[PDB]
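Engineer: Let me give you the structure first, and then I'll get to my questions.
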Ligand SMILES: C[C@@H](O)[C@@H](C(=O)O)[C@H]1C[C@H](SCCNC=N)C(C(=O)O)=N1
Ligand SMILES: [Zn+2]
Ligand SMILES: [Zn+2]
């Protein structure tokens, strides 16, 4: 049930939730997929993560216009890497309010990214401070601790079986944890398990670079990270 729209792919995961997928050719290595989410919440649409580029992210907004036909109220991006924040200009051009971890926004210029318009901050237990995430509807944002990057955050979709681990979680068939260039290998395992504990009701785990998996993806990722300590 994958729908193609331009160079992007869209898959419905639940009555009010879709996965968006965009690709970037990396020289010598080929096209890399990156996933994010689109959530219908009453009379508005919420987006998790941009596509790799501005042009691709504009196509997400175009797809939303056609298939859902409701205004995009806000977007949350899960850390300061190109696959998650590469298309920020397309959102700001459309007047969509954007949110990121304060640390992601602090890092964005160093990473060549455009910072989100707004900053999220987090309690010592990892849950977002409600004052920084107003009107997020079903999006429950959790900072699990450093892992894939120092700033990585995760999102559960309230009222569904779905939680989004971003680039922190790999699927149960994954060989490696991928890019460890920016990673915290000491705390990764604990951060992956913290994401699992934060969303115990989630049975469908969506991640950046694999099709949705079961909760086994969290545990398998944690046990791979265990060996990096
Ligand atoms: C380019 C960056 O956005 C990078 C990142 O988020 O750090 C992307 C691409 C690699 S894909 C490598 C996975 N390899 C699997 N065989 C990756 C990942 O492994 O999570 N994320
Ligand atoms: Zn990343
Ligand atoms: Zn990634």
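Positions of Cβ are generated from backbone atoms using ideal geometry, with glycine treated the same way; all protein chains shown enter the neighbour counts. Please treat every number below as a calculation from the coordinates, not as lab data.
Engineer: Sort 32, 39 so that the residue with the fewest other Cβ atoms within 10 Å of its own Cβ comes first and the one with the most comes last. Spell out each step's value before the answer.
Structural biologist: Values: 32 15, 39 26.
By the 10 Å Cβ count, ascending, the order reads 32, 39.
Engineer: Over the chain, what relative contact order in percent results from Cα pairs under 8 Å that are six or more residues apart?
Structural biologist: Across the chain, relative contact order equals 13 percent.
Engineer: Which residue, 184, 83, 49, has the most motion in a Gaussian network model of the chain that connects Cα atoms within less than 10 Å?
Structural biologist: Of 184, 83, 49, the Gaussian network model singles out 184 as fluctuating most.
Engineer: Between residue 7 and residue 25, with labels modelled 7 Å along Cα→Cβ, what's the label distance in nm to one decimal, could you check?
Structural biologist: It works out to 0.8 nm between the two label points.
Engineer: For 52, 127, what ranking results if the residue with the fewest other Cβ atoms within 10 Å of its Cβ goes first? Write down the numbers at each step before the final one.
Structural biologist: On the way: 52 22, 127 14.
If I rank by nearby Cβ atoms, fewest first, I get 127, 52.
Engineer: Related question: By counting other Cβ atoms within 10 Å of each Cβ, how are 113, 224, 85 ranked from fewest to most?
Structural biologist: 224, 113, 85
Engineer: With each label point set 7 Å from Cα along the Cα-Cβ vector, what nm distance links residue 124 and residue 186?
Structural biologist: Result: 1.9 nm between the two label points.
Engineer: Between segment 172-229 and segment 55-124, how far is it from one alpha carbon centroid to the other, in angstrom?
Structural biologist: Each part's Cα centre sits 23 Å from the other's.
Engineer: Let me ask another. Report, to two decimal places, the Cα Rg of the chain normalised by 2.2 N^0.38 Å (N = number of residues).
Structural biologist: Numbers: Rg = 16.0 Å, N = 229, 2.2 N^0.38 = 17.3 Å.
For the chain, the normalised Cα radius of gyration comes out at 0.92.
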